[PDB]
């Protein structure tokens, strides 16, 4: 490979840990800014419901009740080049609990694919695809 694998693994962990911190902090305390963490064409499958486009995502997020997330598990992996040619991506998987205003606290699992956007300053990671589901969605 043109670049050492460990380099991709280290980069993936750093990008994921920092992004997760920003993501849930924003979700809970700056909801209106959350959609900016997504790519324009990004989609979200929320408990079996597909939401497409940054505009629809913004409306979806403002639609949802206030939240309080507690993240306890984060894992990530650099995505193989064959799946995303000429695009640096990282798979992130999260587990924790969340309490939406108007309902009891429940556990959830979320996974998304982050994509690296090079730019003037530092590299910016954004969600290209997202998936969220309550462990007890059926009830």
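Numbering follows the first chain given and starts at 1.
Averaged over CA atoms, B-factors in the entry run higher in 59 to 67 than in the other of 37 to 45 and 59 to 67. Of the two segments examined, 95 to 103 and 71 to 79, it is 95 to 103 that shows the higher average Cα temperature factor in the deposited entry.
Which of 11, 25, 129, 117 has the largest Cα B-factor in the deposited entry comes down to 117. You'll see in the entry that, of 86, 89, 52, 111, the Cα B factor peaks at 52.
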